[PDB]
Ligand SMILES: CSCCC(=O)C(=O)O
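Given next, in structure tokens, is a single chain: the form deposited without this ligand.
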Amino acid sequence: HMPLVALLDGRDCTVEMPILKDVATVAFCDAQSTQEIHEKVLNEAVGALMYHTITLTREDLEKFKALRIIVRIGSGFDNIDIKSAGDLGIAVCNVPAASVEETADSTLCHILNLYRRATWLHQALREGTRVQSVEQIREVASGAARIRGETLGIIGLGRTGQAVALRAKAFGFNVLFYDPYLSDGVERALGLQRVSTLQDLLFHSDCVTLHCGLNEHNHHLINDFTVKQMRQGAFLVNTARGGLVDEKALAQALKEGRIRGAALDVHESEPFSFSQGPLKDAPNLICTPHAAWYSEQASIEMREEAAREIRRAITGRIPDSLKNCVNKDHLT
């Protein structure tokens, strides 16, 4: 028979089937954890596809007896211990290009929703507020600010971050970015301003947007300490990873007014709920259910790419034939 490939945290395999039909047997688990995956998959699965709703620890990885390649249908892979996976001889890949501009457009929409209060204005109308006079327009829309001259601070000037910077300049934003891993001069190529420390970024930014990956060194990057370094009444946007922000510190900052508003597509604990979590009673909050990446074309694009990567690993040499393996250094 063919090698077994399993969709860990999902059920739909329609897009991947035409690409893997003659290369592997495809099954799905629809499991939120390794405890929900049948022994057959853990015993015989040679490849694996997964999104962001299941975590793979070293303990989880050790339970796979034949897994040779994990392909994350998406850009982020913080939910996988790529180091231990490489130790166990498991290559890990991702799909980084499918949702770059989708996430940037969602970020700009979140930024504009804070500066223009469009979402809150709409919600006020749905709740029955009557805005007849100009005085009432100013009151209901109180907080909407002029964008030109404002400083947008970008943390992580990667593919998505660069797309955010290019769009932000079209609105008159003055864009700063902090990225301690980029080579010297990337700010000159894109006509941006760069700072060397996170504190400098937070000190000068009227609006801070996160576009870095979650790694072992930037967990709770926005914490009670760094939150005190942000400008009075600053904006916070996060379409990256919920693990980057201490919602406990963010919640208090919103209540006290030190942060005028926050737009979040990712949270420390998902799915997100307005009735649970540290943000239970936090005001001036816009939240989306981790959908900044999604478009019909982006969804199909990343699923087909991931399928081909699984194919290359089963019919080629690992990791030589892999196109987007993220743990070649750790791979044994």
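Residues carry their position along the shown sequence, with the first being 1.
One more form of this protein, deposited with this ligand bound, exists but is not displayed; see below.
Proximity to this ligand in the entry with it bound holds for none of 68, 308 and 322, with the criterion being a heavy atom within 4.5 Å. With the partner left out here, this ligand still marks one of 279-287, 46-54, 26-34, 59-67 in the entry with it bound; by a 4.5 Å heavy atom cut-off that stretch is 46-54. Within this chain, residue 207 is remote from the site of this ligand in the entry with it bound, having no heavy atom within 4.5 Å. At the 4.5 Å threshold, heavy atoms of residue 82 stay clear of this ligand in the entry with it bound, well away from it. Contact check for residue 272: every heavy atom lies farther than 4.5 Å from this ligand in the entry with it bound. For the chain shown alone, residue 41 is not a contact residue for this ligand in the entry with it bound, no non-hydrogen atom being within 4.5 angstroms.
Interface residue among 86, 243, 261, 76, judged by heavy atoms within 4.5 Å of this ligand in the entry with it bound: 76. Along 273-310, a non-hydrogen atom within 4.5 Å of this ligand in the entry with it bound is carried by 290, 293, 302, in order along the sequence.
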